[PDB]
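Data first, discussion second: the structure below is written as structure tokens.
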Amino acid sequence: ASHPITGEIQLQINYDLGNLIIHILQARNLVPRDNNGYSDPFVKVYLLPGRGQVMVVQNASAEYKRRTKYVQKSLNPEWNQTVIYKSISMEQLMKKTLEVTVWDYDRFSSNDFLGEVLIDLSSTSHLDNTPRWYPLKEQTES
């Protein structure tokens, strides 16, 4: 079988004190799979022109997720997390692009792809902390 990459991702961007902050929220219209609810999808966000630092997103209060993971975790998973990249000025920042990538855990440990977005910080109008949706594309390997 195969799973096509679809859906989008919602996040909040904000840069302050020379530090780039990014908050993860959730994704919608993701790739459906057999047996609803089984694995908690995670995201990876790193700058293109950086040191290759991939920051994975954590899961919010499972207490509230455990009740929503039913259909959400299956089609639209959330995270509601926050990350920062200190030591980054608008000079190099504008040159860097925030790439949000969704990944699902395997049955043993591996991680499958789910979606990839590219947010150019050169014009990131969502800097003023604004929850906006971003289209998740596929990871082409030419």
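In the structure tokens, chains take letters A, B, ... by order of appearance, with residues numbered from 1 within each chain and ligands from 1 in the order shown.
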Exercise. Among stretch 74-119 of chain A, which residues carry a DSSP assignment of strand (DSSP E), reported as a list in words?
Worked result: residues 78, 79, 80, 81, 82, 83, 84, 85, 97, 98, 99, 100, 101, 102, 103, 104, 105, 111, 112, 113, 114, 115, 116, 117, 118 and 119 of chain A
Expected file: the selected residues, N, CA, C and O atoms, as a compact mmCIF listing (two decimals), in the first residue's frame:
```txt
# COMPACT_ATOMS: atom_id res chain seq x y z
N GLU A 78 -2.53 17.63 16.55
CA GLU A 78 -2.12 18.93 17.08
C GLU A 78 -0.86 18.79 17.93
O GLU A 78 -0.41 17.68 18.22
N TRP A 79 -0.28 19.92 18.32
CA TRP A 79 0.93 19.92 19.14
C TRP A 79 0.94 21.08 20.13
O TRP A 79 1.22 20.89 21.31
N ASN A 80 0.62 22.28 19.64
CA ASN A 80 0.59 23.46 20.50
C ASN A 80 1.91 23.62 21.26
O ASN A 80 1.92 23.77 22.48
N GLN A 81 3.02 23.58 20.53
CA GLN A 81 4.34 23.72 21.14
C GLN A 81 4.99 25.04 20.76
O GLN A 81 4.46 25.81 19.96
N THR A 82 6.16 25.31 21.35
CA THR A 82 6.89 26.54 21.08
C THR A 82 8.40 26.30 21.08
O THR A 82 8.93 25.67 21.99
N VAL A 83 9.08 26.82 20.06
CA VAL A 83 10.52 26.67 19.95
C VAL A 83 11.18 28.01 19.61
O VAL A 83 10.51 28.92 19.13
N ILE A 84 12.47 28.12 19.87
CA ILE A 84 13.20 29.35 19.59
C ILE A 84 14.60 29.07 19.05
O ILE A 84 15.22 28.06 19.37
N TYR A 85 15.08 30.00 18.23
CA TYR A 85 16.41 29.89 17.64
C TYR A 85 17.22 31.14 17.95
O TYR A 85 17.35 32.04 17.12
N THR A 97 15.03 30.02 6.00
CA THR A 97 13.62 29.70 5.81
C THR A 97 13.18 28.61 6.79
O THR A 97 13.84 27.58 6.92
N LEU A 98 12.06 28.84 7.46
CA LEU A 98 11.54 27.87 8.42
C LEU A 98 10.81 26.75 7.69
O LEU A 98 9.77 26.98 7.06
N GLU A 99 11.35 25.54 7.77
CA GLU A 99 10.76 24.40 7.10
C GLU A 99 10.08 23.46 8.10
O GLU A 99 10.74 22.79 8.89
N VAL A 100 8.75 23.41 8.04
CA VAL A 100 7.98 22.54 8.93
C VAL A 100 7.71 21.21 8.25
O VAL A 100 7.15 21.16 7.16
N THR A 101 8.13 20.12 8.89
CA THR A 101 7.94 18.79 8.31
C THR A 101 7.24 17.85 9.29
O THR A 101 7.68 17.69 10.43
N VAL A 102 6.16 17.23 8.84
CA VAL A 102 5.40 16.30 9.66
C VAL A 102 5.88 14.86 9.44
O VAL A 102 6.13 14.45 8.31
N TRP A 103 6.01 14.11 10.53
CA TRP A 103 6.46 12.73 10.45
C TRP A 103 5.67 11.84 11.41
O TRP A 103 5.35 12.26 12.53
N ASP A 104 5.37 10.62 10.98
CA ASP A 104 4.63 9.68 11.80
C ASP A 104 5.52 8.52 12.24
O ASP A 104 6.33 8.02 11.47
N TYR A 105 5.36 8.11 13.50
CA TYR A 105 6.16 7.02 14.04
C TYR A 105 5.74 5.68 13.43
O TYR A 105 4.57 5.47 13.12
N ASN A 111 10.33 6.37 11.40
CA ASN A 111 9.44 7.51 11.23
C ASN A 111 9.15 7.77 9.76
O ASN A 111 10.06 7.97 8.96
N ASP A 112 7.86 7.77 9.41
CA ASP A 112 7.45 8.01 8.03
C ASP A 112 7.11 9.48 7.81
O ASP A 112 6.70 10.18 8.73
N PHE A 113 7.28 9.94 6.57
CA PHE A 113 6.99 11.33 6.23
C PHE A 113 5.48 11.56 6.15
O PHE A 113 4.71 10.63 5.94
N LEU A 114 5.07 12.82 6.32
CA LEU A 114 3.66 13.17 6.27
C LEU A 114 3.42 14.50 5.55
O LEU A 114 2.39 14.68 4.90
N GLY A 115 4.36 15.43 5.68
CA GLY A 115 4.22 16.72 5.03
C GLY A 115 5.42 17.62 5.25
O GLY A 115 6.12 17.49 6.25
N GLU A 116 5.67 18.52 4.31
CA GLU A 116 6.80 19.43 4.40
C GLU A 116 6.43 20.82 3.89
O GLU A 116 5.91 20.97 2.78
N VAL A 117 6.69 21.83 4.71
CA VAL A 117 6.38 23.21 4.34
C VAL A 117 7.64 24.07 4.36
O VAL A 117 8.60 23.77 5.07
N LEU A 118 7.63 25.15 3.59
CA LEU A 118 8.77 26.06 3.52
C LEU A 118 8.32 27.51 3.71
O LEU A 118 7.69 28.09 2.83
N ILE A 119 8.65 28.08 4.87
CA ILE A 119 8.27 29.45 5.17
C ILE A 119 9.49 30.38 5.13
O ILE A 119 10.28 30.41 6.07
```
Problem set entry | Those in chain A with alpha helix (DSSP H) from DSSP, as a ChimeraX atom specification | /A:62-65,72-75,90-93
Exercise. Residues at most 6 Å from residue A:121, counting only C-alpha atoms, excluding those fewer than 3 positions away in the same chain, as a ChimeraX atom specification?
Worked result: /A:94,96-97,124
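As for atom CA of residue A:7 and atom CA of residue A:31, they are spaced 7.1 Å apart.
Counting only C-alpha atoms, residue A:34 has the following residues at most 12 Å away, ignoring those fewer than 6 positions along the same chain: residues 1, 2, 3, 74 and 75 of chain A.
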Save the residues we just selected, N, CA, C and O atoms, as a tab-separated table (two decimals), in the first residue's frame?
```
chain	number	residue	atom	x	y	z
A	1	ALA	N	0.84	-1.23	0.00
A	1	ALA	CA	0.00	0.00	0.00
A	1	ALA	C	0.86	1.26	0.00
A	1	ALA	O	2.07	1.19	0.23
A	2	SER	N	0.24	2.40	-0.26
A	2	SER	CA	0.95	3.67	-0.29
A	2	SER	C	0.12	4.77	0.38
A	2	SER	O	-1.11	4.68	0.45
A	3	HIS	N	0.80	5.80	0.86
A	3	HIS	CA	0.13	6.92	1.52
A	3	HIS	C	0.57	8.25	0.92
A	3	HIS	O	1.72	8.65	1.05
A	74	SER	N	-5.83	10.98	14.06
A	74	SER	CA	-5.92	10.16	12.85
A	74	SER	C	-5.92	11.01	11.58
A	74	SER	O	-5.27	10.65	10.60
A	75	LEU	N	-6.65	12.12	11.59
A	75	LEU	CA	-6.72	12.99	10.42
A	75	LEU	C	-6.05	14.34	10.65
A	75	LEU	O	-5.29	14.82	9.80
```
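Once residue A:57 and its same-chain neighbours fewer than 3 positions away are set aside, residues 42, 43, 44 and 81 of chain A remain within 7 Å of it when counting only C-alpha atoms.
Counting only C-alpha atoms and comparing A:25, A:5, A:11, A:47, the residue that lies closest to residue A:136 is A:5.
Of the listed residues (A:29, A:68, A:110, A:89), A:89 comes nearest to residue A:122; the distances count only C-alpha atoms.
Near residue A:77, within 8 Å and counting only C-alpha atoms, sit residues 26, 27, 28, 40, 41, 69, 72 and 73 of chain A; same-chain residues fewer than 4 positions away were not included.
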Give me a file of those residues, with C-alpha atoms, as a tab-separated table (two decimals), in the first residue's frame.
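Result file follows (part-v8.tsv):
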```tsv
chain	number	residue	atom	x	y	z
A	26	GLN	CA	-1.80	21.21	14.26
A	27	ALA	CA	-2.31	19.86	10.75
A	28	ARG	CA	-5.48	19.20	8.75
A	40	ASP	CA	1.04	10.31	17.58
A	41	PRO	CA	2.32	12.35	14.57
A	69	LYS	CA	-6.74	11.93	19.52
A	72	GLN	CA	-7.83	14.29	15.29
A	73	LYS	CA	-4.69	12.20	15.83
```
Problem set entry | Contacts of residue A:86 within 9 Å, only C-alpha atoms, excl. fewer than 5 positions in-chain, as number ranges by chain | A: 16-21
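Note that the spacing between atom CA of residue A:45 and atom CA of residue A:76 amounts to 18.2 Å.
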Exercise. Hey, can you check how far atom CA of residue A:127 sits from atom CA of residue A:62?
Worked result: 28.2 Å
